[PDB]
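# Structural overview for review
These are the residues of each chain, in order.
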Amino acid sequence: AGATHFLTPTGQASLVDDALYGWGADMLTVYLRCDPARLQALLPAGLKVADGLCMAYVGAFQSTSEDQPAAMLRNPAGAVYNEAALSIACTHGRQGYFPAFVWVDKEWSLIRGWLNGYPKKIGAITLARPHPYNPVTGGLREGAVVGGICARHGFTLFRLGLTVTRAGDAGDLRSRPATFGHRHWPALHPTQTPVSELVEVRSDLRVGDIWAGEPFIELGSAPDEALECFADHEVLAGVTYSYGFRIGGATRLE
Amino acid sequence: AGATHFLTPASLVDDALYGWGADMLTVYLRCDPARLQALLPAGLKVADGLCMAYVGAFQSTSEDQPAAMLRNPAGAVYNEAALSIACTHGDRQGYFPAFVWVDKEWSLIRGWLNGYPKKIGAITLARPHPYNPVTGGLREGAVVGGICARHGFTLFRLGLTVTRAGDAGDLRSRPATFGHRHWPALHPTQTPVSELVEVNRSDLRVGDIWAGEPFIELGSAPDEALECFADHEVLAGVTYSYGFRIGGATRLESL
Amino acid sequence: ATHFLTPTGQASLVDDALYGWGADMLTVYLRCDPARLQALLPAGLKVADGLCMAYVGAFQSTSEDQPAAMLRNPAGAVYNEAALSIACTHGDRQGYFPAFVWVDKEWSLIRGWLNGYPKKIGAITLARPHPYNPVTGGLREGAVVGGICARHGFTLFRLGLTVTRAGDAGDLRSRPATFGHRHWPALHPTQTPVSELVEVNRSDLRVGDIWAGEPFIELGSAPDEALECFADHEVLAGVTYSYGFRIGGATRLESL
Amino acid sequence: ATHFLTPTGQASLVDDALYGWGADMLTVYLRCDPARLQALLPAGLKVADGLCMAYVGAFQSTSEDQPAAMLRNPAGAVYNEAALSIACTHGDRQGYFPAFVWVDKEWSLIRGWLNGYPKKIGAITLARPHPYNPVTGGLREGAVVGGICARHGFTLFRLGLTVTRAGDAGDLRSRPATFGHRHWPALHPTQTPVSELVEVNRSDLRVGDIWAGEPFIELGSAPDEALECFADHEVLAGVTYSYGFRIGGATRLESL
């Protein structure tokens, strides 16, 4: 069921399948508030910024195609990726997030993302959590620390951290049901066929192993990024957790 | 004038003319034309099975930011390996670069936008540095090497033992580069794109050409189709430098 | 304790502090020709019956001295590692000699070398099913686990497991000692070399969440490696598990 | 030769053969407070007037007795490197001590350490205009050159040059010696440590294709680095050039 480059009759060499995928992930998330007017400039036409709430995350993801549920056995690097993002709370009519800036370390997740309107670049991303068998720290508990960082082209993009203060629950995260995407494929020559459309993307959502705590975030700057759009912020809360979901193709809105 | 994500008033790619300079290691091969045809998009017809494998070190610059290299050096260089198929569109002769791996996603996306099928890999081109006092630079007896890998799998290895200075007779030049600009729908409501394009590069210059004894060794990966190039005859090897300018690829027809 | 040496000590790759590790592991046990493996052992170690261990792991290390360093330096707190290790003995004492090891963080490379663990830098991935993944679930009967490592563009080896059952410490082949060859050669005759056999024992050890299954291994080859030393093997067993440990400096046994 | 030690020796990271290098270099000269730089120097080296050099380079090395290794192992034949080095003296002998070095191939890290060059692994890019690029041309008046290095996600430093004129050896601040601290500490009191000052001299040296221009440097910061030691500087000059050299092992001068 491979649907992209490299196209061959077998489909073995395609980056992404036309198939349902499943994800499990561990996440470090920091909620922020920026000037809503600055964030609106980053939103595609038809989405309205909320009160400036933003989420920064660094996560470690494990995805599986329903078309090849055992692919991890022979191709482990095709089954895991890391990702960092700065996402903006917004509305279409319906509450959601628009993930304006996303960096991932596997291009199959980049392209799958782009096809469903997720703006992604390639970066280097690390999520560090205390391993539960680590005898010096144990795992997640009060006093545990979690860290994340992402970088691209030699530039630090942002750093995130959490000092865990207590076990948490769904109250400690700002869930908004929709994820809005901008499926965009521009023309570099006037004869090329462009695509530009708003889409909405997840079923079977489970969230758990939630810990809340004292967050920190430090934004970097790069000549080919626009990180300053998130610079003048209020840091609201931090949480770390695990989550699983299924996604298909994102549905065209307009 | 960034034209892609991230769109802000941070784009990977500019709507602008780009220039490249590059050093290249190239091995020409012949495979079964019938196997290669299966890799060609509709409307391109395989030639006699001629294929080219290359590993190159590229330096690209946008005319919109000709000095970007000063502040963003990693945005100005990339490495790339490819397996390309000699083919025709009508009577016009070209190459279709069926499998390409590059190590910078701005080159991946620029490639995809102009119909180059690219993945991200790790690619190294090693050529003798002219100031190296043990070897000197390129000359008779010099060796050149290239390798590319993805997901931990070796994709292919290339090499050359230089035998003599060369000239354009040693490059199997075909004027067109044909692409498949492809953007599929993952939901039936999404708008797909599938169109054949032709890249014309202006200002092409080739030089510092050396010919020699080639070698190639194909790997295998569960998410690649390297076997399509496996049963081959190794024809020739060359290393050289080349520069050109490219704009967008012109649309030829829908698929 | 190492470069870069400064008055603060903040730029040292490796320090004297005690560390703890947690890890998830994929391990395949093998049997090779004992005579071939003996050629890889430093003087004073005797091969066992040819038993070997291949592993791929995702590791997380923390200093007792800086237990919260992970908050500001996450990439300094995690690494992946792959190894081919040889079961052997020093006298009647049973251990492993980890002949070939590849890691993706040089602070782990250097700590290894200082204790006689031979390490190179490679690219290493361990993939296990995430428990929240709704397509697969986590570790269970029928789950698959994969690992791969590569260097210089060459696949070094691939490992995998199809889980068949829950497991126990019985499915691991414990030999307490890790023998090392602490080696620092002279590149000029006036330089001071080091060559000595050392022994590490874990001062804290935990294994759990053990799953056994059907293994596979596929060795590659590279011009600057000696993977063929492990090539003609019998595949014995496979296991995936979680692991925790504490290690200090390795005690010198004898000069070489 | 080093790990991995095998009878063949095909798996050693480093051999004691003579090597030759060719390289393209971006260099910025600086002056810092000599008192801060002295704190980074090992005992027996005296800081000069505070002159430091920052460089980013693309290197290509070849073993004199494996001169064709690049054909089959290209990644073993090239590396990138960034450094901050301190002008100093040993007696009245003038040299550089390369206090902080980041390289992207561990065989270059280890060869460095053996010869007393303190090296870590980083990601390093040197970008120079390719002569065949029709938008820019190559090196000329008005050309721009850039270099950057990073580790653990932290930018370490950035360098750049806007070329103003062709240059010559007058534009280099050549000091014949490179002084090293060959250091191999003990992690257990029974282990044999090494700590000695060494001197490397080039037995073949070439510099050419020199261009001078307007430099820039921007130091970063990291929790596991000490880049602030170079922070309060005066930017003196910038140059890009090509370089070739042969080096063997560094000679031991004295213990530390």
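Numbers attached to residues count from 1 within each chain as its sequence is written and can disagree with those in the entry; no residue without coordinates is shown. All chains are assigned letters beginning with A, and all ligands numbers beginning with 1, in the order in which they are written. To get the side-chain values, all heavy atoms of the structure are used, and hydrogens and water are removed first.

As named in the PDB entry, chain C is Acetoacetate decarboxylase, taken from Sphingomonas wittichii. The title line of the PDB record says "Swit_4259, an Acetoacetate Decarboxylase-like Enzyme from Sphingomonas wittichii RW1".

As recorded in the PDB entry, chain B goes by Acetoacetate decarboxylase and comes from Sphingomonas wittichii.

### Some details on the overall build of chain C
Of regular secondary structure, chain C possesses 2 helices and 13 strands. Taken over the C-alpha trace, chain C has a radius of gyration of 18 Å; the compact-globule value for 256 residues is 18 Å, and the two agree within 12%. Projected onto its principal axes, the C-alpha coordinates of chain C cover approximately 60 × 50 × 35 Å. Put simply, chain C has 256 residues, and 62% of those count as buried. Counted over contacts in chain C with a minimum sequence separation of 6, partners at least 24 positions apart contribute 68%. Accessible surface is estimated by sampling points in the Shrake-Rupley manner with a 1.4 Å probe; for residues, cover comes only from the protein chains shown. For chain C, the exposed surface amounts to about 8500 Å²; the carbon and sulfur share of it is 48%. Every helix listed is a DSSP run of H or I at least four residues long, and every strand listed is a run of E at least two residues long, numbered separately from the N terminus. Computation of the radius of gyration draws on C-alpha atoms alone. For the globule rule, the value is 2.2 Å times the number of residues to the power 0.38. The cut-offs for exposure are 20% and 50% of the maximum accessible area for each residue type, with area from a 1.4 Å probe on protein chains only; residues under the lower value are buried, those over the upper are exposed, and the others partly exposed. In this description, contact between two residues means that some pair of their heavy atoms is separated by no more than 4.5 Å.

### Focus: the interface of chain C and chain D
With 60 residues of chain C at the contact, the number on the chain D side is 61 residues. Once two parts are brought into contact, the accessible area they lose, counted with a 1.4 Å probe and summed over both, makes up the buried area. Carbon and sulfur atoms supply 64% of the area that chain C and chain D bury against each other, a total of about 5500 Å² over both sides. When the area that chain C buries against chain D is broken down by residue, the three leading residues are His3(C), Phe4(C) and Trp184(C), summing to 16%. Salt bridge, as used here: a side-chain nitrogen of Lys or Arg that lies within 4 Å of a carboxyl oxygen of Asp or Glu. The interface formed by chain C and chain D contains 2 salt bridges. For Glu106(C), the salt bridge identified is with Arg151(D), shortest N-O distance 2.8 Å. Polar contacts, as counted here, are pairs of nitrogen or oxygen atoms within 3.5 Å of one another; within protein the pair requires one atom able to donate a hydrogen and one able to accept it, and residues that are adjacent in sequence qualify only if both atoms are side-chain atoms. Here chain C is connected to chain D by 31 residue pairs in polar contact. Every element with two or more residues in the side of chain C that touches chain D is listed here: helix 1 (34–40), strand 4 (93–103), helix 2 (106–114), strand 5 (119–121), strand 9 (177–184), strand 10 (194–201) and strand 13 (251–255) of chain C. Of the residues contributing to the side of chain C that touches chain D, the split by class is 30 nonpolar, 16 polar and 14 charged. For this classification, the nonpolar set comprises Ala, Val, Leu, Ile, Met, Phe, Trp, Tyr, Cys and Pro, the charged set comprises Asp, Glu, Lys and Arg, and every other residue, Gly included, is treated as polar.

### Examining helix 2 (residues 105–113) of chain B
Of all 9 residues in helix 2 of chain B, 9 are buried; the element is thus mostly enclosed. Among the residues trailing helix 2 of chain B, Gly115(B) stands out with phi positive, at a value near 80°.

### Notes on the side chain of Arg182(C)
Counting through the fold element by element, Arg182(C) comes out in strand 9. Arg182(C) sits in the buried class, given a relative accessible area of 0%. Separated by 3.1 Å, the side chains of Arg182(C) and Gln191(D) make a polar contact. Within polar-contact distance, the side chain of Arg182(C) engages the backbone oxygen of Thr192(D) at 2.3 Å.

### Considerations on the packing of aromatic side chains
The pairing test for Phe, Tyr and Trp rings, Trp by its six-membered ring, is centres within 6.5 Å, and the orientation test on the planes gives stacked under 30 degrees, edge-to-face over 60, and tilted for anything in between. Counted according to the given criterion, the structure contains 61 aromatic pairs over all chains. Relative to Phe245(A), the ring of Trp23(A) has its centre 5.1 Å away and its plane inclined at 20°; by these criteria the two rings are stacked. The pair formed by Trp23(A) and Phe245(A) is uniform in burial state, with each residue classed as buried. Between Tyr241(D) and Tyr243(D), the ring centres sit 6.4 Å apart and the planes meet at 55°, which makes this aromatic pair tilted. Among the residues examined, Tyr241(D) registers a relative accessible area of 7% and is labelled buried. Among the aromatic residues, those joined into a ring-pair cluster are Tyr21(A), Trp23(A), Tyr57(A), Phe61(A), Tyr81(A), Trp108(A), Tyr241(A), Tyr243(A) and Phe245(A). Either the NZ atom of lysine or the CZ atom of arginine qualifies as a charge over a ring when it sits within 6 Å of the ring centre and within 35 degrees of the ring normal. For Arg74(A), the ring lying beneath its charged end belongs to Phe216(C), and the centroid distance is 5.9 Å. Directly above the aromatic system of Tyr117(C) lies the positively charged group of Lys119(C), at a separation of 6.0 Å from the ring centroid.

### A closer look at the pairing of strand 1 (residues 18–30) of chain B
All names here are of chain B. For strand 1, the tally of buried residues reaches 11 of 13 residues, placing the bulk of the element in the interior. Should DSSP find at least two bridges between two strands, the strands are taken to pair. Where strand 1 lies against strand 2 (residues 45–62), 13 bridges are found, and the strand directions are antiparallel. Its bridge partner being in strand 2, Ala22 is matched across the sheet by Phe58.

### Let's talk about the environment of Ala77(C)
Assignment of secondary structure puts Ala77(C) in the loop between strand 2 (46–63) and strand 3 (78–90). Each C-alpha atom of the pair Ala77(C) and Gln60(C) lies 5.6 Å from the other, and the pair is 17 residues apart in sequence. Setting aside its immediate chain neighbours within four residues, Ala77(C) contacts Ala128(A), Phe59(C), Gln60(C), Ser61(C), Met70(C) and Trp107(C).

### Regarding the environment of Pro133(B)
Here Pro133(B) shows up in the loop between strand 6 (122–126) and strand 7 (143–150). Measuring from C-alpha to C-alpha, the distance between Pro133(B) and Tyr54(B) comes to 27 Å, with 79 residues separating the pair along the chain. If we skip the residues at most four places from it in the chain, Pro133(B) touches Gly20(D), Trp21(D), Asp204(D), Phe245(D) and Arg246(D).

### Examining the pattern of salt bridges
Using the criterion set out here, one finds 56 salt bridges over all chains in the structure. The partner of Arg150(B) in a salt bridge is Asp223(B), and the shortest N-O contact between them spans 3.0 Å. With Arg150(B) in strand 7 and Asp223(B) in the loop between strand 11 (201–218) and strand 12 (233–246), this pair connects stretches of sequence that are 73 residues apart. Just as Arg150(B) is buried, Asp223(B) falls in that class too. A salt bridge links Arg151(D) to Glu225(D); its shortest N-O distance comes to 3.6 Å. Here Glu225(D) lies in the loop between strand 11 (204–219) and strand 12 (233–247) and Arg151(D) lies in strand 7 (residues 144–151), a separation of 74 residues in the sequence. No difference in accessibility class separates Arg151(D) from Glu225(D), as the two residues are buried. The network of salt bridges with common partners includes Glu107(A), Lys119(B), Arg150(B), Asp223(B) and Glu224(B).

### Topic: helix 2 (residues 107–115) of chain A
Residue and element names in this part refer to chain A. For helix 2, the buried fraction is high: 9 of the 9 residues fall into the buried class. Taken residue by residue, helix 2 has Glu107, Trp108, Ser109, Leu110, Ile111, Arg112, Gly113, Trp114 and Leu115 as its buried positions. Directly beyond the C-terminal end of helix 2, a positive phi value near 80° is found at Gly117.

### As for unusual backbone geometry
The residue after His5(A), namely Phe6(A), is reached through a cis peptide bond having omega -10°. Looking at where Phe6(A) falls in the secondary structure, it is placed in the segment before strand 1 (21–33). Looking along the chain, the bond that leaves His5(B) and enters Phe6(B) is cis, with omega of -10°. Even without a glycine there, the phi angle at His153(A) is positive, about 60°. Here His153(A) is to be found in the loop between strand 7 (145–152) and strand 8 (155–167). When its relative accessible area of 11% is taken as the criterion, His153(A) is described as buried. You will see that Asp209(A), though not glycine, has its phi angle at about 50°, which is positive. With respect to the helices and strands, the residue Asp209(A) is situated in strand 11 (residues 203–219).

### Thoughts on the relation of the copies chain C and chain D
Of the transformation superimposing chain C on chain D, the axial component is 0.1 Å and the angular component is 180°, with the fit at an RMSD of 0.2 Å. Look at the turn and shift together and you get a two-fold axis relating the two. Of all interface residues in chain C, 100% are interface residues in chain D too; the two copies therefore contact each other through one and the same surface. A least-squares fit, run on the C-alpha atoms, superposes the copies.

### Considerations on the interface of chain A and chain B
Residue-level contacts link 61 residues of chain A with 60 residues of chain B. Across the chain A/chain B interface, buried area totals approximately 5400 Å², and carbon plus sulfur atoms make up 65% of it. For the chain A face of the interface with chain B, the top three residues by lost area are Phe6(A), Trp185(A) and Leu188(A), together amounting to 16%. Across the salt bridge formed by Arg150(B) and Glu107(A), the nearest N and O atoms sit 2.8 Å from each other. Where chain A packs against chain B, one counts 29 residue pairs in polar contact.

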